[PDB]
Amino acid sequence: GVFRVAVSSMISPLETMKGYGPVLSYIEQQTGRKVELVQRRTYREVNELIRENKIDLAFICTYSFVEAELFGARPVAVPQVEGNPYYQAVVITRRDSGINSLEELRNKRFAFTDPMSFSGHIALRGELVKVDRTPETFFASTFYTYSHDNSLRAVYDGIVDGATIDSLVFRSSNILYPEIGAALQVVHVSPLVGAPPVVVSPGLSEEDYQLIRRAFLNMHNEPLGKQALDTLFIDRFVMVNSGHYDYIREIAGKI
């Protein structure tokens, strides 16, 4: 049958099929199966498609992966970006705010991305356990933007006092958008975590799992695979190291 690949529609609005097109063509080449792109606004909805075996493969966030593993989602491979199969969250404020630390955001307005994002939510919910607080009992108000880009924009425009976003989104935005760049500062960085594993649904056969894993790990050695990687701003796919996610697994237990 069709091979269904699920992604969030909010990471790159209007540019999702443009971004994923080449890698879907690569999956078609390596599997011989017609590929359908399945989009949802929320990572909660993407995880429910995986749980119910309504899709074969998904590009999900790192906290989504820690939840999806409990219902038998299997990691395929991990993207290596800027030479690292790992990353962190950054907390950003305006240089002119007088808010120069995570601590000084107490009783301030804060933006998260998707509730199931590590770099956009769970990193900060986890760290606040240190002082027996939650976002709701630490910040004056919280808002879920479902977008690293839109959280960065809300800090820039002064709508919120702070946000947590992916480090590469921030550093790339600083280059692309020079004025937003000069207005913003990183005041806090999270611990390191593994890059989000590409996953398959629990229903997939062991032969299909091995075929897909080998295709992802070999993608950088195939001409179409190289085009797919360049388009996604990924160096290559490397083998999953389960230990890379243990900080997130521990946070999940502490809520």
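C-alpha atoms forming the largest set that superposes within 1.5 Å between two forms make up the rigid core. All residue numbers are counted from 1 along the displayed sequence.
- Taking 213 to 221 and 54 to 62 in turn, the stretch whose Cα atoms are more displaced from the shown form in 5 other deposited structures of this protein following rigid core superposition is 213 to 221.
- Of 173 to 181 and 91 to 99, the stretch whose C-alpha atoms sit farther from the shown form in 5 other deposited structures of this protein, after fitting on the rigid core, is 173 to 181.
- Legend: mean Cα B-factor per stretch from the PDB entry, 218 to 226 versus 188 to 196; the higher mean is in 218 to 226.
- If you average the C-alpha B-factors over 171 to 179 and over 122 to 130, the higher value belongs to 171 to 179.
- In the deposited entry, the Cα temperature factor of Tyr63 places it in the middle third of its chain's modelled residues.
- In this PDB entry, the Cα temperature factor of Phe237 sits in the middle third of its chain's modelled residues.
- Ranked by C-alpha B-factor against the other modelled residues of its chain, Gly158 falls in the middle third.
- Annotation for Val81: CA B-factor lies in the highest third of the chain's modelled residues.
- Ranked by Cα temperature factor within the chain, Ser97 sits in the highest third according to the deposited record.
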